[PDB]
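Structure first, then comments.
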Amino acid sequence: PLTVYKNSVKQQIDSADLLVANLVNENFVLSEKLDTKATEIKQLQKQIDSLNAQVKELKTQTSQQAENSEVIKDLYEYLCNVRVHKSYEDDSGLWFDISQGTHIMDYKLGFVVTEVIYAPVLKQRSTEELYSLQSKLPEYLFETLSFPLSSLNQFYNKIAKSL
Amino acid sequence: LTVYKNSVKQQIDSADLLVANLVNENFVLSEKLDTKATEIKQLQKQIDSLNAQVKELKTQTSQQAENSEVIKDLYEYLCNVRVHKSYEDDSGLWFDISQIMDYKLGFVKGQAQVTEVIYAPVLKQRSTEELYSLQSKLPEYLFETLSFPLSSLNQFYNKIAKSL
Amino acid sequence: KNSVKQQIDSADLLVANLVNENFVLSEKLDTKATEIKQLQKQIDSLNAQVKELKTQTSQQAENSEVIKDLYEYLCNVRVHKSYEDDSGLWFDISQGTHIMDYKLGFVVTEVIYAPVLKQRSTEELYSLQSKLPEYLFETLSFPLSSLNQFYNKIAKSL
Amino acid sequence: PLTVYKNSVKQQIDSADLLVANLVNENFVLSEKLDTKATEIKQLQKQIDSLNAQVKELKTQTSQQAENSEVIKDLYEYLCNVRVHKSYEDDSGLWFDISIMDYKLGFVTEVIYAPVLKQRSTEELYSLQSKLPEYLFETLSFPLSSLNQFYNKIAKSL
Amino acid sequence: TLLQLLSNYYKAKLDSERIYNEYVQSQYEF
Amino acid sequence: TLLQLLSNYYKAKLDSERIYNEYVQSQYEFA
């Protein structure tokens, strides 16, 4: 009996000594690990702040560039009586809708050496105009055509003169 | 066994405080470590999000610019006219033009609320031989500074094209 | 009472087995994370050594090219190859000025000169017969001592 | 009262089972973290063995090329009565000592010949002046093309 | 976690021990 | 092994219980 008691006091004394040791060790190492993590978080915040500046400035320049795009378009319209609506690229050839004339004839031009393609676009019109137009415009401007690029500017002029 | 039990009771009390408190100190770190991991991951998600944003903005801007040049190239081939730049010195913005005769156009704002464009012709780079080639094709007046309402602009443009 | 006792019992049982597994797994795994490191260190060493072993072999070979290239500019003679057919080693040769190909064999010591014309434009083969004693073309044999002498004879005629 | 006790032993036994379940997950996760290492170990082993062959093969080819080079050099020297001692590259131009008349040759294409008599027994220096011209005893300069020609002149006189 | 779990498990095993020791205390009191 | 060290504490607690059981039975015998 006093046998087993002695064995307890001894296991309690060895166990209570192994913990405080290992526990203390874990606590030290644990503390060591934590400071590095805090530093990492701090480093991480900075990048975000950099990305925020950069993003904002990128957003203004893109918008500013667009402004010039619209501004440039509005000039051309006042000065050339011609506006380019869009642009597609269906496999072979890109295309641009156009509206030319004085407040008007919509059409498209395709580009495929180089060469061009002119097609009238009257998807929607008030017949009254469609005849107003046929009186001002040479019969060929109502059918698809094809010329080398060199001739383009010439084309353009012809339509302006008639409108 | 009376005294021994009492001795055991005091020892148990001392050890529990020592190991329990140490444990509490330890658990606190465990709960805390998880929290630290949790905030860092969230911070990381935001960064990746912000990176996509920057990359996507860079493509859309590089993509839209391509159109800026293409269109400029179109208008040059279709209107024989290119707009080099744009300044806004206080009152009025200005654009250099090349249509070959280089000149600049300025815009008037305010007043009777109608735009007035001032034409001056710039021959920054020229060879006299051309300057006389040009005086033969061009009314003498175009060279001197002038001023007309916007309405008249297109009209102007045409006059210069016809002569060139 | 017997249930609560079999329950908690099984619980503690699994616990001890699980704890033991954890003690063992965690060691069997940390001892691997050190062997991984040794392998990593060795690899990096092998990479340096290899890289530094490519230039010495190459420059040395390249250096020989320099030596080969010198001899060619200075002696109007280039040694193409070398075989060792059982008895005797052999070297192709091309000597002359912008030329007579032949081989030399080595078998006391002694030498063997044979002329290689496997391929030639007859026009040359006669250009050569006019510059060269008739005898050099036929196979011959002399002691080493005479070699340099040989060499000179052919150079003088070309 | 025995009511509440029973409820305790039961709540203590429940959470304990949960703890055991949590413990099982750890082991189920370990065995993976350890098997995925036993594959990375293997790749390293495969790579290391590969890198070892590379080093061994480079060592044989270099020791094999060196031998051949040495042999060639020897042969030349012998059946050439002319040996190249060294090579320097001071900035512009490399130099080789040569060996009886010692001299050096520099290369900058164009060449440069300088007599080397740092040490001599006057008796030879006059033995030599009788067999060779005064001009050789002075630095000179010729295009590479002329080199072999040079060599021959010196041999003939010696 | 692990720590918490272990503690709770052992603490539960302790409560039972205490109850057992008490069952005897009542007997002694008898 | 922290768990292992922890196991030691559990073992110590168990031993204490055994000691209590011993004194308990002895006390009962004395009664």
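Just so you know, all these numbers are worked out from the coordinates, no wet-lab data involved. Cβ atoms come from the backbone with ideal geometry, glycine included; neighbour counts cover every protein chain shown.
For the stretch C:1-75, a simple Cβ point-charge model (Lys and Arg +1, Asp and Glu -1, everything else neutral) yields a dipole of about 460 debye relative to the Cα centre.
Note on the protein assembly as shown: dipole from Cβ charges, positive end direction compared against B:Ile118, B:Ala20, D:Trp95; the farthest Cα belongs to B:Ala20. Under Stokes-Einstein, with the Kirkwood radius over Cα pairs as Rh, the value for the protein assembly as shown at 25 °C and 0.890 mPa s is 61 µm²/s. Taking 7 Å steps out from each Cα toward its Cβ at A:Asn27 and A:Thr114 produces label points 8.1 nm apart.
Peptide C:17-25 has a mean shielding of 6, counted as Cβ atoms of other protein chains within 10 Å of each residue's Cβ. Working note: 222 nm ellipticity from helices only, DSSP H runs with n ≥ 4, each -39,500 (n - 2.57), summed and divided by the residues of chain C, gives -21000 deg cm²/dmol to the nearest 500. Put simply, the stretch A:1-80 fits an ellipsoid with semi-axes of 77, 10, 4 Å; these come from the alpha carbon gyration tensor as the roots of five times its eigenvalues, largest first. Distant-in-sequence amide contacts of D:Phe96, defined by a placed amide H-H separation under 5 Å and a gap of 5 or more residues or a different chain, comprise D:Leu105. At the listed q of 0.13, 0.18, 0.24 Å⁻¹, the Debye profile of the stretch C:76-158, built from one uniform point per Cα, gives log10 I(q)/I(0) equal to -0.41, -0.79, -1.35. Think of each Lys and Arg Cβ as +1 and each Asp and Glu Cβ as -1; about the Cα centre, that makes the dipole of the protein assembly as shown roughly 420 debye. The HN-Hα couplings worked out from phi for the stretch D:63-71 by the Karplus form 6.51 cos²θ - 1.76 cosθ + 1.60 (θ = phi - 60°) are 6, 7, 5, 4, 4, 4, 4, 3, 3 Hz, whole numbers, x standing for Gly and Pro. Label reach from A:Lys86 (point 7 Å along Cα→C-beta): in the stretch A:121-139, amide nitrogens under 20 Å belong to A:121-125. Take each residue of peptide D:76-82, count the partner chain Cβ atoms within 10 Å of its Cβ, and average: the result is 4.
The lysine pair tally for the stretch B:103-163, using Cα distances under 24 Å and a gap of 8 or more places or different chains, is 9.
Given 10 °C and 1.306 mPa s, how large is the Stokes-Einstein diffusion coefficient of chain B in µm²/s, with Rh as the Kirkwood radius over Cα pairs? Taking Rh from Cα pairs, D becomes 67 µm²/s. What FRET efficiency comes out for B:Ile47 versus A:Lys6 if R0 is 41 angstrom and r is the Cβ-Cβ distance? Round to the nearest 0.05. After rounding, the FRET efficiency stands at 0.10.
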